[PDB]
Amino acid sequence: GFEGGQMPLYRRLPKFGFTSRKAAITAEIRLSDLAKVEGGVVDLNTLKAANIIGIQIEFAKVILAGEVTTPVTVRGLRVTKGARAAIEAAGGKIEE
Amino acid sequence: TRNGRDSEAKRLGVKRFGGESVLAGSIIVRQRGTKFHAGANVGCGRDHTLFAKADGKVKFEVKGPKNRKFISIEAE
Amino acid sequence: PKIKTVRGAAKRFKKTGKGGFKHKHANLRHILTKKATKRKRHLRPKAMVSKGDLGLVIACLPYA
Amino acid sequence: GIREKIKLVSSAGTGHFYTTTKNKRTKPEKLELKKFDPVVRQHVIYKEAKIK
RNA sequence: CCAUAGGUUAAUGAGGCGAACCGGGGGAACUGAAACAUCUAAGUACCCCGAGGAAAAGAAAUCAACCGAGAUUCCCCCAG
RNA sequence: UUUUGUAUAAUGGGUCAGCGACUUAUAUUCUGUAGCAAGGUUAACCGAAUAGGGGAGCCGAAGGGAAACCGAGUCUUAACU
RNA sequence: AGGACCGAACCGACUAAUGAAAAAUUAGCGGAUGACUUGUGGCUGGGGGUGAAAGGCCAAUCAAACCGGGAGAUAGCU
RNA sequence: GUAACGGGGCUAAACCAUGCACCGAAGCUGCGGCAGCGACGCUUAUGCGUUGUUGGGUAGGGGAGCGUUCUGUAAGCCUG
RNA sequence: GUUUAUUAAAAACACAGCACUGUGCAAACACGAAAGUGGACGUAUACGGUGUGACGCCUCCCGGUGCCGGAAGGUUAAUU
RNA sequence: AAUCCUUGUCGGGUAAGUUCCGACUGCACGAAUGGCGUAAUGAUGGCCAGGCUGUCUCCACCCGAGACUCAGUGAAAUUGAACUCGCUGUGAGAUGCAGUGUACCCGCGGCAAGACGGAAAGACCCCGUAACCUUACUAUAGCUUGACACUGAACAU
RNA sequence: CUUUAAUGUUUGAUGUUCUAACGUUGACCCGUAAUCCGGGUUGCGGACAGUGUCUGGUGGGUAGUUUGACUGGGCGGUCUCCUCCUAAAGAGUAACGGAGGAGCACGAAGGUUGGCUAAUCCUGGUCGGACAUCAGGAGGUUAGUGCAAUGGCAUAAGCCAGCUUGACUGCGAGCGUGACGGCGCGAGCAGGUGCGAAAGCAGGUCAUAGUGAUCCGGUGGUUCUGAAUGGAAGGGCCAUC
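Residue numbers (my numbering), protein chains in the order written: chain A, 52 to 147; chain B, 172 to 247; chain C, 6 to 69; chain D, -12 to 39.
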């Protein structure tokens, strides 16, 4: 980023925004990844056990991505609307 | 000397010529005064910038008693 | 050793889905009352980096 | 740049204000214009105040 | 005045040398920043003291997060 | 060699022989190639052991927003044709 | 008597012409009892010394000695 | 040092006009050869009949090779 | 008298003399993180600093910048 | 004058004096970064005269040491390669190009016009974002101010 | 509350004396064969002096540095923006080429509705005159435009008057223009306004100059965030300096 002595592009432009420390502990779960766990029940712990999310993860959503076929009991987690519908179709249960 | 100065060139002038198809919004002329005047379906901006108000073909024409240049858009 | 990021570059840019880079416009910080509102409005939203200076940005930001 | 600048403040009770210039020598009296408040989304009177 | 300082003997130990590593006491500038003063170089180079076969550290007035871990040291990640 | 331009009276070389200058390490990207493929791959280490274990991690399979958050959408805005 | 005079040694170095010599030669030249000269030993150390001062001298080196180290300083130059 | 046709020399071997010859280059053509890039079509050893066309080159980009020392192949093979 | 050892010996330096100024002795000042040492085993007829430079005849401006003295007011640190 | 104009003007000195000496609009003398004098002194600067002279008119001869030849020993700088001429042009000053002229091969003693000769990566000049040397900036040793500490007791205003 | 007096107690500072810290480079004694040093006695001084930490001043004594570029080197001049010409009839185009301006102004000098039309000259007319104001005419923009120049402007963009705040908030098809940063034009959509009977016009001003990136902060709003939790601080986002 040296442009002769002209003031370089980065320094031209603003800093903006801030880092969220809460973002680093949230997680995003495909529907495909619901089968990877064992027991057919999906807690944060189970996913971590299944090396799906990671250890320092307090929160995790299920997104409509991929597809889920087996019935799954989704527990203690956020689900998008489309993901939720998909789960219902598969024959699954959702609970907070 | 006392003379080194000049201004940056403004790149005025006709942008689209006779029988150019244009999209609505497109600028036909940049000018200082109303050298060209707005005709049918051509708008005049605050800096006298003539621009297409509709999609069609540019159409230069002289009109009126003063014999003034008028840019219109032919329908397309 | 690992490549070190240009931290200021990191601060000022964010990568997009297609490997682009968004960035906030200049000229919308202070002297403002003289600036017309329209101009201000347009500046507000984030903007993608141009093709010409894209490469410099990448170089600054290897880990994106 | 003798013509100094001010901020017209919304009488709606919102924080919202406009900013502008005025010549305080020739015009001592305060500027009061009826301008659009976008928080209330109505046209309200705005009274001059010091920019600070 | 008593004492103490001092003095003469006796015993025990030390002293000096040595590659690097280790702990402590002091501590640059060139250089980079396309100049330069904050900053960097770098607690580096160097000087000094001390030790050991290793040294230092070390047994929570520590982390953690409302679950828990359980002194120090070292390696890979975390993460440019 | 350097130059717009050198027989140049611009530089260098007395000659021979020997030596004499784009490396290496670690990161990152792109290209080729091989492997496997919505998966790919292990690091330290254990293992006298180039095997095998070791998946801690990393990259990818989702993005939008400063962020909360939402999520094939999202941000904007009171709301978007 | 004398920082007195002329003048050898001794100390210097104004003019001149000319490698044996990294400052000499020959011919002349100044001082030559003094603020003189000289032997031996000693002390002052580098932004420091010493300097009747010229930025002079400090080991044929001085507007900051030499040796080693930072060090392969840096070199948009050749 | 002739030294203001390159010289000799020229009264045309000068100049103008018209014409027909010839010389004249690494240009074009002729014969032989190599290579690049495209077309189509073979029927293949992934290149071949061909068929067009291209092939001056600094910075520089891309492509393909020669040779040297050493490791394996190699207790092999060559060598008094 | 001294001086650029090795292109400058002079009108340059020094000089006796003059003047200003500091310094009361644990002097001023100087070398020293300090201890201490020089000054000086001296004591204002002495020592230090600065300029001038035998001898003779001599030698307006305090606004500026310095120094010395003053402290009524203004402003003013740490501290509180 | 240790004064631009300037070789100022006048006088002296000389046949002739931008110098020297004496006098008369200080570009831009001047009183201890001293003024004006000053006997003596000076390898001090300037000018004039006497004497002397090869300094010169204008060189001649001679004596020695080299140079030259013989024998012995035996360097150096420099060097792209050379079969290494003149002229006029060309190419920006030609041994090497064009045209032309001249010229048998090779030494020795001499000279120095050229080989942009040798010597030192010009010292002048410029450039580049080193070194030493004020009322530039920033610091700082030192000197100095106060506050607290080492540091206490009375008495008065 | 203005203003003081009384009794009780409380910091601040001001000198006078003291003697016990501290000083002694005064004297004598001892360690001691000793001008060091220490101890002892004593005199003088004395809570000063002097040292540490903090603090203001001074500080080329010393150190680290800086001291622009263009330029037919320095000196002089210039450095951003606007207009014209050079510029070769699209755009763009250099010179230490030729000529001039800007670093603002205006709550009306903006919006809209309604209305109007200039300079100059001539003739007549009190003071009144080359030049005020008033009549009649010629003229036809030679004038005006807040300010340079250009291009515009009568459907006026020039001049008067009435009512007003569109000198709005969110956006924006599509263009122009730049290496980029950026700058510019913009119909239309939503909300809410003003003028108009209405059609409509209004997102500043006839247009082109009146300007400054980023960082660092400042102010107001905003629960977006909030390092155990609830808050807060700080940060973010919007507006603005």
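For each residue, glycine too, the CB sits at the ideal point set by N, CA and C.
Taking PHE222 (chain B) as reference, the option from B:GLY190, B:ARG201, B:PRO236 with the minimal CA-CA separation is B:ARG201. A contact between stretches requires three or more CB pairs, one per stretch, nearer than 8 Å, and the region 106 to 116 of chain A meets this requirement with the region 68 to 82 of chain A. Neighbours of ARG135 (chain A) across chain C, judged by C-beta separation under 9 Å, do not exist; the nearest C-beta is about 24 Å away. By the neighbour-count criterion, in which a residue is buried when 16 or more other Cβ atoms sit within 10 angstroms of its Cβ, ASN96 (chain A) is exposed. When the five nearest sequence neighbours on each side are left out, the beta carbons in the same chain lying within less than 6 Å of the beta carbon of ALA209 (chain B) are those of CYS215, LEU221, in order along the chain. Residue range 4 to 9 is occupied by the beta strand (DSSP E) that includes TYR5 (chain D). Along the region -7 to 17 of chain D, going in chain order, the ones with a CB nearer than 8 Å to a CB of chain C are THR6, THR7, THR8.
By the neighbour-count criterion, in which 16 or more other beta carbons inside 10 Å mark a residue as buried, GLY227 (chain B) falls on the buried side. DSSP, read as helix, strand or coil, puts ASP177 (chain B) in coil. When secondary structure is reduced to three states using DSSP, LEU20 (chain D) falls in the strand class. Proximity to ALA141 (chain A) across A:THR131, A:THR124, A:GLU147 peaks at A:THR124, based on C-alpha coordinates. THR121 (chain A) is positioned such that its CB atom lies closer than 8 Å to that of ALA86 (chain A). The alpha-carbon separation between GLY127 (chain A) and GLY143 (chain A) amounts to approximately 14 Å. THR6 (chain D) and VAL27 (chain D) do not touch by the CB rule: their CB atoms are close to 19 Å apart, not below 8 Å. At a Cβ-Cβ threshold of 8 Å, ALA64 (chain C) and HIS28 (chain C) do not count as neighbours.
Taking C-alpha positions only, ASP84 (chain A) is separated from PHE18 (chain C) by approximately 32 Å.
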